[PDB]
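**Q** mind folding the following:
(one chain, ligands or ions: 1)
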Amino acid sequence: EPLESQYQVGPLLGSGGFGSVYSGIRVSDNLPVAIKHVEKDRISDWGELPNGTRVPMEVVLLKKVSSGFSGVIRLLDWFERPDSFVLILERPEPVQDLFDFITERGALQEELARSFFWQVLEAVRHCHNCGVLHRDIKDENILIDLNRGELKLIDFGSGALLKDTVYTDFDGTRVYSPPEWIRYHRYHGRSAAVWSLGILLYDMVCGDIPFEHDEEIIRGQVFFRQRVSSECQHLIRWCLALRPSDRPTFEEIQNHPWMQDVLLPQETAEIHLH
Ligand SMILES: CN1CCCCN2c3ccncc3Oc3ccc(cc32)OCCOCC1
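**A** Numbers count the residues shown, from 1 in each chain. This is the structure:
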């Protein structure tokens with residue numbers, strides 16, 4: 001009843017395992033929104049809102065992380081349809097997938113990749129403080145507000161509530177999966193997120209993902225195809241340490257030499273995103 005009137009639906013932005021996302025405009029404020037339709041049959045992880053109502057995990061996670069300014073695309077609303085869930089998320093404008101961005105612009109200058117990695121870390125870190133693990137940190141799940149240089153996390157469909165215990169489930173792509181998921185199908189939230197941050201930083205500074213097969217991941221040896229500062233190489237190879245315990249914390253990532261002199265998102269929009 002309130003969905004089709006409150007929001008004007010537009011072109012399909014994307015469709016896939018996340019469902020079908022449409023460009024939308026909230027008639028209330030002419031605000032750019034993304035309308036994410038998720039069929040219930042395809043929903044794997046369910047949870048209960050504090051209100052006492054059963055919803056997709058992504059709703060729970062977003063509601064926990066969408067209180068306050070964050071590098072996370074906020075859940076503005078949600079609706080239950082008969083066989084469908086409809087999430088109204090923020091739509092930055094103009095905006096691009098970090099995936100599309102990289103595939104177009106090739107490897108990223110370390111100044112851009114530094115701004116971008118730091119913003120991703122602030123977002124993952126905000127999620128962690130809200131008790132949320134994203135579990136699918138990848139270039140497709142990072143949007144780029146191009147006028148503001150702001151990276152914004154999306155797609156918590158594969159995420160979960162932060163647990164200090166072991167996770168025995170993963171719905172991310174095998175190339176982003178930590179070697180401990182590959183060998184043991186067990187992993188720990190923070191350390192696996194740091195692993196995916198290493199994969200993401202490699203992708204940023206290199207234009208491509210470091211490992212395409214399980215064997216290269218298990219091996220954990222990382223080869224650079226682009227000129228990548230010795231310091232950035234150390235950060236990546238640290239985040240991609242085979243042992244999760246040897247992996248850096250978010251403080252240790254952010255307090256790392258390559259993560260120094262990070263440009264604010266506005267400066268990075270002027271210097272790199274026109
Ligand atoms: C091929 N890409 C991806 C389109 C779907 C991404 N999509 C989401 C997907 C899963 N979960 C949440 C999402 O929220 C969003 C918020 C704003 C958006 C898009 C999304 O507009 C940006 C356009 O991005 C570039 C097009």
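
**Q** could you measure from residue 122 over to the ligand?
**A** Distance, residue 122 to the ligand, using CB to the nearest ligand atom, to the nearest Å: 18 Å. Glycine gets a C-beta too; all of them are placed from N, C-alpha and C.

**Q** ah, wrong one, I meant residue 53
**A** To the ligand, residue 53 is 21 Å away according to CB to the nearest ligand atom.

**Q** which residue would be the closest one in the chain to the ligand?
**A** Using CB to the nearest ligand atom, the closest approach of the chain to the ligand is made by residue 14 at 2.6 Å.

**Q** residue contacts, the closest residue to that residue other than its chain neighbours?
**A** Nearest-residue entry for residue 14: residue 21, 5.0 Å, with adjacent residues in sequence omitted and distances by CB to CB, 6 or more residues apart in numbering. For residue 21, the contacting residues are 12-15, 34-37, by CB atoms under 8 Å, 6 or more residues apart in numbering.

**Q** ok, now residue 173?
**A** With CB under 8 Å, 6+ apart, residue 173 has these contacts: residue 138.

**Q** A helix includes it, no?
**A** No - judged by DSSP: H, G, I helix; E, B strand; the rest coil, residue 173 forms no part of a helix; its state is coil.

**Q** ok, residue 89 touching residue 73?
**A** Yes - with contact defined as CB atoms under 8 Å, residue 89 and residue 73 form a contacting pair (5.0 Å).

**Q** what do these two both touch?
**A** 34, 154.

**Q** so can I have CSV of the contacts of residue 21 showing secondary structure, distance to residue 179 and neighbour count?
**A** What follows is the contacts of residue 21, written out as CSV (DSSP: H, G, I helix; E, B strand; the rest coil; distance: CB to CB, whole Å; neighbours: other CB atoms under 10 Å):
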residue, secondary structure, distance to residue 179, neighbour count
12, strand, 36, 12
13, strand, 33, 16
14, strand, 29, 15
15, strand, 31, 11
34, strand, 33, 22
35, strand, 37, 25
36, strand, 31, 26
37, strand, 35, 18
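
**Q** now distance to residue 156 too, for the residues you listed, in CSV please.
**A** Below are the contacts of residue 21 laid out as CSV (distance: CB to CB, whole Å):
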residue, distance to residue 156
12, 20
13, 17
14, 16
15, 17
34, 13
35, 16
36, 11
37, 16
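
**Q** of all those, which comes closest to residue 132?
**A** residue 36 (17.0 Å; CB to CB).

**Q** secondary structure class for the closest residue in space to the closest one that isn't next to it in sequence?
**A** Closest residue to residue 36 apart from its sequence neighbours, by CB to CB, 6+ apart: residue 87 at 4.2 Å. Of the three states, residue 87 takes strand according to three-state DSSP.

**Q** who does residue 87 bridge with?
**A** In this entry, residue 87 is beta-bridged to residue 36, residue 78, by DSSP bridges.

**Q** that one reaches residue 43, doesn't it?
**A** No - the pair residue 87 and residue 43 fails to qualify as a contact (CB under 8 Å) at a distance of 11.7 Å.

**Q** shared neighbours, the two?
**A** Common neighbours of residue 87 and residue 43 (criterion: CB under 8 Å, 6+ apart): residue 56.

**Q** so between these two, which is more surrounded?
**A** Taking other CB atoms under 10 Å, residue 87 and residue 43 do not tie; residue 87 has more neighbours (26 against 16).

**Q** OK, contacts around the residue nearest to residue 118 when sequence neighbours are not counted?
**A** If the residues on either side of it in the chain are set aside, residue 118 comes closest to residue 262, at 4.4 Å by CB to CB, 6+ apart. Applying CB under 8 Å, 6+ apart to residue 262 gives the contacts 114-115, 118.

**Q** what residue spans form the domains of the chain?
**A** 1-93, 94-274 (curated CATH domains).
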